[PDB]
Structure formats: structure tokens, C-alpha cells
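A.B. asks: Just final_7.cif, nothing more (mmCIF, C-alpha atoms and all ligand atoms):
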```cif
data_model
#
loop_
_atom_site.group_PDB
_atom_site.id
_atom_site.type_symbol
_atom_site.label_atom_id
_atom_site.label_comp_id
_atom_site.auth_asym_id
_atom_site.auth_seq_id
_atom_site.Cartn_x
_atom_site.Cartn_y
_atom_site.Cartn_z
ATOM 1 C CA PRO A 33 7.552 -3.135 5.025
ATOM 2 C CA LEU A 34 6.082 0.273 3.995
ATOM 3 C CA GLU A 35 9.510 1.701 2.992
ATOM 4 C CA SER A 36 10.347 -1.474 1.062
ATOM 5 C CA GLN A 37 7.100 -1.569 -1.005
ATOM 6 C CA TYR A 38 6.892 2.100 -2.079
ATOM 7 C CA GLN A 39 9.386 4.456 -3.507
ATOM 8 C CA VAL A 40 8.656 7.956 -2.099
ATOM 9 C CA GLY A 41 8.667 11.011 -4.367
ATOM 10 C CA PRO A 42 8.056 14.744 -4.055
ATOM 11 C CA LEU A 43 5.658 16.231 -1.490
ATOM 12 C CA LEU A 44 2.364 17.031 -3.217
ATOM 13 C CA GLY A 45 0.807 19.142 -0.384
ATOM 14 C CA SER A 46 0.059 19.266 3.282
ATOM 15 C CA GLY A 47 -2.722 20.723 5.382
ATOM 16 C CA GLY A 48 -5.522 19.593 7.647
ATOM 17 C CA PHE A 49 -5.413 16.179 5.860
ATOM 18 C CA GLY A 50 -1.687 15.616 6.824
ATOM 19 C CA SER A 51 1.144 15.446 4.271
ATOM 20 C CA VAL A 52 0.777 13.766 0.938
ATOM 21 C CA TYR A 53 3.680 12.493 -1.235
ATOM 22 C CA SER A 54 3.964 11.233 -4.700
ATOM 23 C CA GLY A 55 4.877 7.586 -4.782
ATOM 24 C CA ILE A 56 5.503 4.537 -6.871
ATOM 25 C CA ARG A 57 4.549 1.017 -5.857
ATOM 26 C CA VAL A 58 7.688 -1.065 -6.469
ATOM 27 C CA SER A 59 5.652 -4.270 -7.232
ATOM 28 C CA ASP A 60 4.293 -2.968 -10.597
ATOM 29 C CA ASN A 61 5.326 0.813 -10.793
ATOM 30 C CA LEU A 62 1.679 1.881 -10.055
ATOM 31 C CA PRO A 63 1.586 5.607 -9.363
ATOM 32 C CA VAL A 64 0.362 6.219 -5.789
ATOM 33 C CA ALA A 65 -0.069 9.008 -3.231
ATOM 34 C CA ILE A 66 1.279 8.445 0.273
ATOM 35 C CA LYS A 67 -0.512 10.320 3.006
ATOM 36 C CA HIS A 68 0.746 10.660 6.558
ATOM 37 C CA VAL A 69 -1.199 11.799 9.539
ATOM 38 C CA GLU A 70 0.108 12.071 13.132
ATOM 39 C CA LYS A 71 -1.985 10.182 15.701
ATOM 40 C CA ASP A 72 -2.544 13.116 18.040
ATOM 41 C CA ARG A 73 -3.988 15.078 15.235
ATOM 42 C CA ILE A 74 -6.719 12.411 14.761
ATOM 43 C CA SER A 75 -10.007 13.359 16.559
ATOM 44 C CA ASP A 76 -12.121 10.732 14.725
ATOM 45 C CA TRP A 77 -11.698 7.022 15.319
ATOM 46 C CA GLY A 78 -13.663 3.900 14.287
ATOM 47 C CA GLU A 79 -13.021 0.118 13.905
ATOM 48 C CA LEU A 80 -12.341 -2.701 11.303
ATOM 49 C CA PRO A 81 -13.965 -6.126 10.387
ATOM 50 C CA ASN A 82 -11.160 -7.675 12.470
ATOM 51 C CA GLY A 83 -11.824 -4.722 14.851
ATOM 52 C CA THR A 84 -8.570 -2.750 15.428
ATOM 53 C CA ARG A 85 -8.480 0.924 16.357
ATOM 54 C CA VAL A 86 -8.135 3.014 13.095
ATOM 55 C CA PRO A 87 -8.838 6.579 11.903
ATOM 56 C CA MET A 88 -12.439 7.033 10.690
ATOM 57 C CA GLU A 89 -10.941 8.125 7.337
ATOM 58 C CA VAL A 90 -9.755 4.484 6.852
ATOM 59 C CA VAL A 91 -13.260 3.073 7.663
ATOM 60 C CA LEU A 92 -14.925 5.530 5.291
ATOM 61 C CA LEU A 93 -12.336 4.930 2.504
ATOM 62 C CA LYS A 94 -12.665 1.153 2.803
ATOM 63 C CA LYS A 95 -16.433 1.450 2.491
ATOM 64 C CA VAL A 96 -16.128 3.416 -0.817
ATOM 65 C CA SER A 97 -13.044 1.830 -2.387
ATOM 66 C CA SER A 98 -14.739 -1.462 -3.495
ATOM 67 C CA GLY A 99 -15.253 -1.658 -7.259
ATOM 68 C CA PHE A 100 -14.676 1.259 -9.635
ATOM 69 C CA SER A 101 -15.953 4.714 -8.948
ATOM 70 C CA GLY A 102 -15.261 8.455 -9.125
ATOM 71 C CA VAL A 103 -13.464 8.098 -5.691
ATOM 72 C CA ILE A 104 -9.691 7.901 -5.118
ATOM 73 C CA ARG A 105 -9.387 4.428 -3.621
ATOM 74 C CA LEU A 106 -7.487 3.324 -0.563
ATOM 75 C CA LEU A 107 -5.002 0.738 -1.756
ATOM 76 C CA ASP A 108 -3.334 -0.008 1.631
ATOM 77 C CA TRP A 109 -2.588 1.492 4.960
ATOM 78 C CA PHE A 110 0.116 1.254 7.677
ATOM 79 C CA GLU A 111 0.254 2.160 11.294
ATOM 80 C CA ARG A 112 3.418 3.662 12.722
ATOM 81 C CA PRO A 113 4.081 4.482 16.362
ATOM 82 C CA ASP A 114 3.120 8.094 15.917
ATOM 83 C CA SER A 115 1.247 8.223 12.642
ATOM 84 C CA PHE A 116 -0.914 6.380 10.106
ATOM 85 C CA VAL A 117 0.113 6.139 6.528
ATOM 86 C CA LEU A 118 -2.426 5.592 3.664
ATOM 87 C CA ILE A 119 -1.627 4.550 0.157
ATOM 88 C CA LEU A 120 -4.059 6.031 -2.361
ATOM 89 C CA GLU A 121 -4.506 5.993 -6.086
ATOM 90 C CA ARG A 122 -2.707 8.662 -7.996
ATOM 91 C CA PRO A 123 -3.802 9.580 -11.559
ATOM 92 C CA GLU A 124 -1.071 10.790 -13.833
ATOM 93 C CA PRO A 125 -1.192 13.393 -15.301
ATOM 94 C CA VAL A 126 -3.563 15.030 -12.753
ATOM 95 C CA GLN A 127 -4.662 18.501 -11.634
ATOM 96 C CA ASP A 128 -7.110 19.392 -8.890
ATOM 97 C CA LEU A 129 -10.138 21.367 -9.834
ATOM 98 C CA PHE A 130 -9.186 24.412 -7.701
ATOM 99 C CA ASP A 131 -5.953 24.753 -9.697
ATOM 100 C CA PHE A 132 -7.667 24.038 -12.921
ATOM 101 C CA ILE A 133 -10.208 26.810 -12.340
ATOM 102 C CA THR A 134 -7.516 29.210 -11.034
ATOM 103 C CA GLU A 135 -5.505 28.647 -14.244
ATOM 104 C CA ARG A 136 -8.262 28.489 -16.773
ATOM 105 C CA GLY A 137 -10.983 30.785 -15.292
ATOM 106 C CA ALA A 138 -14.736 30.035 -15.401
ATOM 107 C CA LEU A 139 -15.596 26.743 -17.183
ATOM 108 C CA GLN A 140 -17.681 26.614 -20.372
ATOM 109 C CA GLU A 141 -21.077 25.055 -19.504
ATOM 110 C CA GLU A 142 -20.472 21.951 -21.535
ATOM 111 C CA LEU A 143 -17.363 21.267 -19.435
ATOM 112 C CA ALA A 144 -19.027 22.221 -16.098
ATOM 113 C CA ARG A 145 -21.863 19.885 -17.078
ATOM 114 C CA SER A 146 -19.542 16.896 -17.630
ATOM 115 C CA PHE A 147 -17.565 17.651 -14.423
ATOM 116 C CA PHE A 148 -20.616 18.330 -12.254
ATOM 117 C CA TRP A 149 -22.253 15.110 -13.490
ATOM 118 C CA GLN A 150 -19.234 13.036 -12.564
ATOM 119 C CA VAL A 151 -19.208 14.646 -9.145
ATOM 120 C CA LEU A 152 -22.859 13.805 -8.665
ATOM 121 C CA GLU A 153 -22.145 10.160 -9.697
ATOM 122 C CA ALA A 154 -19.272 9.955 -7.165
ATOM 123 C CA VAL A 155 -21.274 11.508 -4.340
ATOM 124 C CA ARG A 156 -24.177 9.092 -5.076
ATOM 125 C CA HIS A 157 -21.652 6.295 -4.862
ATOM 126 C CA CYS A 158 -20.402 7.392 -1.466
ATOM 127 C CA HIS A 159 -24.127 7.674 -0.358
ATOM 128 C CA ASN A 160 -24.818 4.205 -1.484
ATOM 129 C CA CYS A 161 -21.784 2.940 0.349
ATOM 130 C CA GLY A 162 -23.075 4.509 3.627
ATOM 131 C CA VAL A 163 -20.510 7.400 3.510
ATOM 132 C CA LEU A 164 -21.122 11.166 3.853
ATOM 133 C CA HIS A 165 -18.186 13.237 2.473
ATOM 134 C CA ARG A 166 -18.952 16.594 4.176
ATOM 135 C CA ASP A 167 -16.269 18.657 2.332
ATOM 136 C CA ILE A 168 -17.218 18.582 -1.317
ATOM 137 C CA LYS A 169 -15.333 21.390 -3.081
ATOM 138 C CA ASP A 170 -12.953 22.211 -5.975
ATOM 139 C CA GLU A 171 -9.787 21.370 -3.991
ATOM 140 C CA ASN A 172 -11.173 17.896 -3.209
ATOM 141 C CA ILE A 173 -11.678 16.879 -6.804
ATOM 142 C CA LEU A 174 -8.931 15.609 -8.998
ATOM 143 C CA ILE A 175 -9.027 15.534 -12.742
ATOM 144 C CA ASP A 176 -7.421 12.722 -14.696
ATOM 145 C CA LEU A 177 -6.454 14.950 -17.584
ATOM 146 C CA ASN A 178 -6.004 12.124 -20.150
ATOM 147 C CA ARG A 179 -9.299 10.312 -19.422
ATOM 148 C CA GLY A 180 -11.430 13.405 -18.466
ATOM 149 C CA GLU A 181 -12.366 11.538 -15.291
ATOM 150 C CA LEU A 182 -12.955 13.260 -11.886
ATOM 151 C CA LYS A 183 -11.967 11.654 -8.602
ATOM 152 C CA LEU A 184 -13.043 12.678 -5.072
ATOM 153 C CA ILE A 185 -10.416 13.001 -2.372
ATOM 154 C CA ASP A 186 -10.199 13.792 1.331
ATOM 155 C CA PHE A 187 -12.626 11.919 3.494
ATOM 156 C CA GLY A 188 -11.004 13.428 6.602
ATOM 157 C CA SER A 189 -14.139 15.438 7.599
ATOM 158 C CA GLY A 190 -16.594 12.714 6.459
ATOM 159 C CA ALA A 191 -18.922 10.481 8.520
ATOM 160 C CA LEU A 192 -21.148 7.473 8.305
ATOM 161 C CA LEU A 193 -24.288 8.505 6.453
ATOM 162 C CA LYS A 194 -27.361 8.515 8.753
ATOM 163 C CA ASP A 195 -30.900 9.984 8.652
ATOM 164 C CA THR A 196 -30.732 11.807 11.991
ATOM 165 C CA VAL A 197 -29.287 15.266 12.572
ATOM 166 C CA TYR A 198 -25.515 16.122 12.480
ATOM 167 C CA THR A 199 -24.439 18.691 15.031
ATOM 168 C CA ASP A 200 -20.658 18.641 14.294
ATOM 169 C CA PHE A 201 -18.944 19.945 11.132
ATOM 170 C CA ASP A 202 -15.307 20.384 10.301
ATOM 171 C CA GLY A 203 -15.603 20.767 6.523
ATOM 172 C CA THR A 204 -15.157 24.050 4.667
ATOM 173 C CA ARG A 205 -17.146 26.937 5.979
ATOM 174 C CA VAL A 206 -17.955 28.812 2.722
ATOM 175 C CA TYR A 207 -19.455 25.571 1.347
ATOM 176 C CA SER A 208 -21.485 24.963 4.555
ATOM 177 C CA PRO A 209 -25.228 25.439 4.533
ATOM 178 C CA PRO A 210 -27.185 28.233 6.205
ATOM 179 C CA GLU A 211 -28.794 25.780 8.702
ATOM 180 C CA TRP A 212 -25.287 24.946 10.002
ATOM 181 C CA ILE A 213 -24.346 28.656 10.214
ATOM 182 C CA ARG A 214 -27.543 29.400 12.149
ATOM 183 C CA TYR A 215 -28.335 26.298 14.248
ATOM 184 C CA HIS A 216 -25.307 24.063 14.134
ATOM 185 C CA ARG A 217 -27.703 21.432 12.730
ATOM 186 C CA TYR A 218 -27.946 19.794 9.220
ATOM 187 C CA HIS A 219 -28.901 16.509 7.647
ATOM 188 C CA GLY A 220 -26.476 14.835 5.342
ATOM 189 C CA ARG A 221 -27.951 14.816 1.929
ATOM 190 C CA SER A 222 -29.478 18.200 1.855
ATOM 191 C CA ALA A 223 -26.211 19.794 3.243
ATOM 192 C CA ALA A 224 -24.424 17.857 0.480
ATOM 193 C CA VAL A 225 -26.800 19.390 -2.136
ATOM 194 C CA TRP A 226 -26.035 22.903 -0.810
ATOM 195 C CA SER A 227 -22.267 22.253 -1.164
ATOM 196 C CA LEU A 228 -22.951 21.037 -4.689
ATOM 197 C CA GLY A 229 -24.729 24.295 -5.525
ATOM 198 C CA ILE A 230 -21.622 26.216 -4.294
ATOM 199 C CA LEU A 231 -19.394 23.981 -6.435
ATOM 200 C CA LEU A 232 -21.511 24.403 -9.539
ATOM 201 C CA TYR A 233 -21.482 28.207 -9.155
ATOM 202 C CA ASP A 234 -17.728 28.005 -8.624
ATOM 203 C CA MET A 235 -17.406 26.046 -11.834
ATOM 204 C CA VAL A 236 -19.410 28.378 -14.080
ATOM 205 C CA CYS A 237 -18.386 31.650 -12.444
ATOM 206 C CA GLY A 238 -14.778 30.882 -11.539
ATOM 207 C CA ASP A 239 -15.252 31.815 -7.879
ATOM 208 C CA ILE A 240 -17.565 30.890 -4.963
ATOM 209 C CA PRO A 241 -20.742 32.879 -4.391
ATOM 210 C CA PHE A 242 -20.508 33.660 -0.738
ATOM 211 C CA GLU A 243 -17.682 34.717 1.481
ATOM 212 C CA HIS A 244 -19.205 35.867 4.776
ATOM 213 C CA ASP A 245 -21.711 34.131 7.033
ATOM 214 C CA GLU A 246 -24.389 36.824 6.376
ATOM 215 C CA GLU A 247 -24.251 36.226 2.660
ATOM 216 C CA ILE A 248 -24.735 32.450 3.284
ATOM 217 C CA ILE A 249 -27.763 33.149 5.436
ATOM 218 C CA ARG A 250 -29.128 35.753 3.036
ATOM 219 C CA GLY A 251 -28.819 33.152 0.244
ATOM 220 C CA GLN A 252 -29.141 35.690 -2.609
ATOM 221 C CA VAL A 253 -27.084 34.596 -5.556
ATOM 222 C CA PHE A 254 -25.507 37.128 -7.987
ATOM 223 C CA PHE A 255 -23.796 36.181 -11.241
ATOM 224 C CA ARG A 256 -20.614 38.038 -12.161
ATOM 225 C CA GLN A 257 -20.395 36.003 -15.386
ATOM 226 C CA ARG A 258 -22.770 35.114 -18.236
ATOM 227 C CA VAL A 259 -24.538 31.884 -17.166
ATOM 228 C CA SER A 260 -27.673 30.378 -18.842
ATOM 229 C CA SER A 261 -31.085 30.608 -17.309
ATOM 230 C CA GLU A 262 -31.145 26.849 -16.944
ATOM 231 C CA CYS A 263 -27.812 26.659 -15.058
ATOM 232 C CA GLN A 264 -28.764 29.655 -12.900
ATOM 233 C CA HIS A 265 -32.010 27.940 -11.969
ATOM 234 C CA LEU A 266 -30.306 24.683 -10.933
ATOM 235 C CA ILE A 267 -27.788 26.576 -8.840
ATOM 236 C CA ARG A 268 -30.505 28.626 -7.036
ATOM 237 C CA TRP A 269 -32.402 25.437 -6.452
ATOM 238 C CA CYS A 270 -29.415 23.652 -4.815
ATOM 239 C CA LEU A 271 -28.929 26.782 -2.772
ATOM 240 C CA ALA A 272 -32.475 26.957 -1.359
ATOM 241 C CA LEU A 273 -32.296 28.324 2.175
ATOM 242 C CA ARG A 274 -34.774 25.751 3.420
ATOM 243 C CA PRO A 275 -33.148 22.303 3.216
ATOM 244 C CA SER A 276 -36.478 20.805 2.186
ATOM 245 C CA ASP A 277 -36.733 23.192 -0.880
ATOM 246 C CA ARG A 278 -33.406 21.756 -2.315
ATOM 247 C CA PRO A 279 -33.490 19.132 -5.023
ATOM 248 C CA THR A 280 -32.685 15.398 -4.446
ATOM 249 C CA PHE A 281 -29.802 13.916 -6.452
ATOM 250 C CA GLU A 282 -32.404 12.481 -8.836
ATOM 251 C CA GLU A 283 -33.982 15.875 -9.398
ATOM 252 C CA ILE A 284 -30.553 17.497 -9.988
ATOM 253 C CA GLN A 285 -29.714 14.749 -12.519
ATOM 254 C CA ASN A 286 -33.077 15.084 -14.268
ATOM 255 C CA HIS A 287 -32.809 18.902 -14.411
ATOM 256 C CA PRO A 288 -32.800 20.162 -18.054
ATOM 257 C CA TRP A 289 -29.371 21.745 -17.648
ATOM 258 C CA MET A 290 -27.960 18.303 -16.896
ATOM 259 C CA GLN A 291 -29.213 16.631 -20.230
ATOM 260 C CA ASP A 292 -26.817 15.369 -22.993
ATOM 261 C CA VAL A 293 -23.679 15.144 -20.834
ATOM 262 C CA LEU A 294 -20.425 14.360 -22.594
ATOM 263 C CA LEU A 295 -18.738 11.128 -21.595
ATOM 264 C CA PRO A 296 -15.430 11.524 -19.759
ATOM 265 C CA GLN A 297 -13.204 10.662 -22.766
ATOM 266 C CA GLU A 298 -14.974 13.071 -25.101
ATOM 267 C CA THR A 299 -14.705 15.722 -22.421
ATOM 268 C CA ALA A 300 -10.928 15.270 -22.390
ATOM 269 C CA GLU A 301 -10.595 15.338 -26.243
ATOM 270 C CA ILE A 302 -12.653 18.538 -26.477
ATOM 271 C CA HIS A 303 -11.516 20.418 -23.427
ATOM 272 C CA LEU A 304 -8.440 18.922 -21.972
ATOM 273 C CA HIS A 305 -6.239 17.991 -25.050
HETATM 274 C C1 LIG B 401 -4.676 22.667 -2.861
HETATM 275 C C2 LIG B 401 -4.189 21.768 -4.021
HETATM 276 N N1 LIG B 401 -2.774 21.365 -4.068
HETATM 277 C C3 LIG B 401 -1.746 22.409 -4.145
HETATM 278 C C4 LIG B 401 -0.421 21.862 -4.781
HETATM 279 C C5 LIG B 401 -2.449 20.604 -2.784
HETATM 280 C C6 LIG B 401 -2.575 19.070 -3.030
HETATM 281 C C7 LIG B 401 -3.714 18.477 -2.214
HETATM 282 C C8 LIG B 401 -4.181 17.125 -2.846
HETATM 283 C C9 LIG B 401 -3.380 15.952 -2.344
HETATM 284 N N2 LIG B 401 -4.306 14.707 -2.292
HETATM 285 C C10 LIG B 401 -5.047 14.426 -1.176
HETATM 286 C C11 LIG B 401 -5.353 15.379 -0.190
HETATM 287 C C12 LIG B 401 -6.082 15.022 0.954
HETATM 288 C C13 LIG B 401 -6.554 13.734 1.186
HETATM 289 C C14 LIG B 401 -6.277 12.796 0.203
HETATM 290 C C15 LIG B 401 -5.535 13.133 -0.926
HETATM 291 O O1 LIG B 401 -5.249 12.179 -1.859
HETATM 292 C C16 LIG B 401 -4.558 12.480 -3.006
HETATM 293 C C17 LIG B 401 -4.346 11.446 -3.877
HETATM 294 C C18 LIG B 401 -3.710 11.696 -5.007
HETATM 295 C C19 LIG B 401 -3.232 12.953 -5.233
HETATM 296 CL CL1 LIG B 401 -2.449 13.202 -6.730
HETATM 297 C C20 LIG B 401 -3.377 14.022 -4.372
HETATM 298 C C21 LIG B 401 -4.106 13.769 -3.217
#
```
Produce C-alpha cells that represent the structure in this file.
Ligand SMILES: CCN(CC)CCCCCN1c2ccccc2Oc2ccc(Cl)cc21
C.D. replies:
Amino acid sequence: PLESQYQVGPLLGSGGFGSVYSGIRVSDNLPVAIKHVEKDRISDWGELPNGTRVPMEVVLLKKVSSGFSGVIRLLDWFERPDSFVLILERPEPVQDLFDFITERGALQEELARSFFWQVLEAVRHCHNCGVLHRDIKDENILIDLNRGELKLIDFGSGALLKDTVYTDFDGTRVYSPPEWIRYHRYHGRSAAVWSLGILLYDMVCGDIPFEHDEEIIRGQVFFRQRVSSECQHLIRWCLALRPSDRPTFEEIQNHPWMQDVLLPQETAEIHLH
């Protein structure tokens, strides 16, 4: 019934996450994204309420797709003999944040503030749902250009949130914290905060701060672009070398740089129309 219920469109991209296509749900013409992954390329498995064997991505997406949030929701899934197929929300028009920043350069702080806030709200949501994303970055954030609303994608390197140590990582290296680089050990939240510092820098500078492992471990941040003392301070805080010197989500959201955020719609009127 998968081919009956969805009309397939153009390929949107492919990579470690599989292949993703543009789609339309024939029911009510809902725009969707159709993502295929081959079974032998799945290392991470978990189980359902009814308890069948599924990719962990499905377990994690189910856990975060209840109610509204800043997460692209899993609408349905299908097993095939050699692959799983996931039906996801698709905003229209949409652009990922990597492309947006490539095209438009470093973001004005008012815009970075709005965007970064919405990311923080989405990541808190995942955390509340018992999900750790583990690959927060520009390419995993979609922008609904009409509503000014950001949406997290790609739970393929994620895990159940826990309070004990993680000793595996298959997210993006240049967003990975120094403790991972040095010990192959991190805890969830504070590694997430590090990734968020990288993202914020990326937003306001138009590129990431560190390329090589030794820069990550050195942790010295240099600004190529004019950025306010308050934004610089938040970034250097998120990027504390010691995980315990990093702020909590609450402390990030109470930081003075974070005050007076624009709502999504205003953000789109000002910056996106
Ligand atoms: C690197 C950005 N872009 C170049 C053209 C490649 C597209 C990667 C994003 C595809 N994606 C996507 C990638 C990886 C996991 C889930 C995903 O869910 C989506 C849902 C809706 C849309 Cl519109 C897109 C996705």
C-alpha cells in the first residue's frame, strides 16, 4: 500500500541517512518526504509497543512526534524486504540552514537569536521525550520560510537519553566535543550544549569555528566577523572545554543575548519575506 498512498516526486538528497524524496500524500495532498534506508545499512535497532524489530530512528521519531514541536514528525513507516521507508513532514517552501547560510552569509544577530531559540526549544523537546539527537548542526535544521519556523531532522545518529556515559558516536565530527575527541566519552546534555555552541558560531560567523581535532581540544575561539560581546560570551560558554563549565539549557535561555526573541512569524516577515 505504500505506492498507492503516496505520489513520489524528485529526489531531495541522499547520504548517511539514506535517500529522501519529495512526496505527496494522495489522501489529502499533504506534502511529505519519503526516506528509504536499506536494512544492511542499519546498525541500530530497537522495538515497538507491539514489539516488532525496527530501526532505532523509528523508535526515537515516534517518541518525539507526539503533539506539535520544532521536530519533523514521523507520519508513517513501511517495511520492505530490503529496506525501511519513513514518511515525514515536509514544509513547503523550505530550505535547510546549511544552504541558507551558504547563500546568505553570516546571519544578523536578531535572526540568529530567533533561530537559535527555536533550536533550543526543539532540543529541549527531544530531551523531555527521552531522546538525544547527537547530530545537531545546520544541515539538520529546516526552515519553513513562510512561517519562520525551524524543524529538526535526522535522528539517525540519535539515542535514548540517559544519565550515564556514552562511548559511541556517529554524529558529525567538527560538532563533537573535546571529551569525545580525547576520551571517547561524553554525557548527553553537555555534548549537546557543545554542538549548540558550534551551531551558534556558525550562525553568526557564517562558518564553523574548528576544523581539526587539535583546534577542538585547544578550544580557543576566534571571530572572523563582528559579533557582540554578549553573543561571543554565550558561544565561549557553550564551548567550555570542561563539560561541567558549560551552561544548562536554562542558563543558555536566560543568557542576556537570548532576551527579546522575535516570534517565528515576525522573524519571517522581517528576514525571510
Ligand atoms: C545537505 C542539504 N541538502 C542538499 C540538497 C540535502 C537534503 C537533506 C535533507 C533531507 N531531509 C532529511 C534528511 C535526513 C533525515 C531526515 C530528513 O527529513 C527530511 C524531511 C523533509 C525534507 Cl524537506 C528534507 C528532509
A.B. asks: Take CA of residue 47 (chain A) and CA of residue 136 (chain A) and report the distance between them in Å, one decimal.
C.D. replies: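 One can read the CA of residue 47 (chain A) to CA of residue 136 (chain A) distance as 24.1 Å.
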A.B. asks: Take the PyMOL selection byres (((chain A and resi 164) around 6) and not hetatm), run it mentally on this structure, and tell me the resulting residues as an NGL selection string.
C.D. replies: :A and (163 or 165-166 or 190-193)
A.B. asks: Quick one: residues within 12 Å of residue 63 (chain A), all atoms listed in the file, excluding same-chain residues fewer than 2 positions away - as a short mmCIF file (atom, residue, chain, number, x, y, z; two decimals) with C-alpha atoms, in the coordinates of the input?
C.D. replies:
```cif
data_model
loop_
_atom_site.label_atom_id
_atom_site.label_comp_id
_atom_site.auth_asym_id
_atom_site.auth_seq_id
_atom_site.Cartn_x
_atom_site.Cartn_y
_atom_site.Cartn_z
CA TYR A 38 6.89 2.10 -2.08
CA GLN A 39 9.39 4.46 -3.51
CA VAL A 40 8.66 7.96 -2.10
CA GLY A 41 8.67 11.01 -4.37
CA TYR A 53 3.68 12.49 -1.24
CA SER A 54 3.96 11.23 -4.70
CA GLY A 55 4.88 7.59 -4.78
CA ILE A 56 5.50 4.54 -6.87
CA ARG A 57 4.55 1.02 -5.86
CA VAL A 58 7.69 -1.06 -6.47
CA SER A 59 5.65 -4.27 -7.23
CA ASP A 60 4.29 -2.97 -10.60
CA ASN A 61 5.33 0.81 -10.79
CA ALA A 65 -0.07 9.01 -3.23
CA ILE A 66 1.28 8.44 0.27
CA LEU A 107 -5.00 0.74 -1.76
CA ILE A 119 -1.63 4.55 0.16
CA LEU A 120 -4.06 6.03 -2.36
CA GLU A 121 -4.51 5.99 -6.09
CA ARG A 122 -2.71 8.66 -8.00
CA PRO A 123 -3.80 9.58 -11.56
CA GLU A 124 -1.07 10.79 -13.83
CA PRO A 125 -1.19 13.39 -15.30
CA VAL A 126 -3.56 15.03 -12.75
#
```
A.B. asks: Can you work out which one of A:142, A:170, A:153, A:114 has the shortest atom-to-atom distance to ligand LIG 401 (chain B), counting all atoms listed in the file?
C.D. replies: A:170
A.B. asks: Show me the residues around (-22.8, 12.8, -11.4) - criterion: an atom at most 12 Å away, all atoms listed in the file counted - as a ChimeraX atom specification.
C.D. replies: /A:101-103,144-158,181-184,228,232,281-286,290-291,293-296
A.B. asks: Pick out the residues sitting within 9 Å of residue 229 (chain A), and hand them over as a ChimeraX atom specification; count only C-alpha atoms, and ignore anything fewer than 3 positions along from it in its own chain.
C.D. replies: /A:207,224-226,232-234,266-271
A.B. asks: Excluding same-chain residues fewer than 4 positions from residue 129 (chain A), what lies within 10 Å of it counting all atoms listed in the file, as a list in words?
C.D. replies: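 With the cut-off at 10 Å, the set is residues 133, 134, 135, 147, 169, 170, 171, 172, 173, 174, 175, 182, 183 and 235 of chain A.
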A.B. asks: Of the candidates A:112, A:256, A:85, A:105, which one gets nearest to ligand LIG 401 (chain B) if we count all atoms listed in the file?
C.D. replies: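 Of all the options, A:105 lies closest to ligand LIG 401 (chain B).
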A.B. asks: Residues proximal to (-1.9, 14.2, 15.4) were defined as those with any atom within 10 Å of that point in the file's coordinates, counting only C-alpha atoms. Which are they, as a ChimeraX atom specification?
C.D. replies: /A:50,68-75,114-116
A.B. asks: So the first atom is CA of residue 257 (chain A) and the second is CA of residue 237 (chain A); what is the distance between them in Å, to one decimal place?
C.D. replies: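 Pair CA of residue 257 (chain A) / CA of residue 237 (chain A) returns 5.6 Å.
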A.B. asks: Would you work out the distance separating CA of residue 299 (chain A) from CA of residue 179 (chain A), expressed in Å to one decimal?
C.D. replies: 8.2 Å
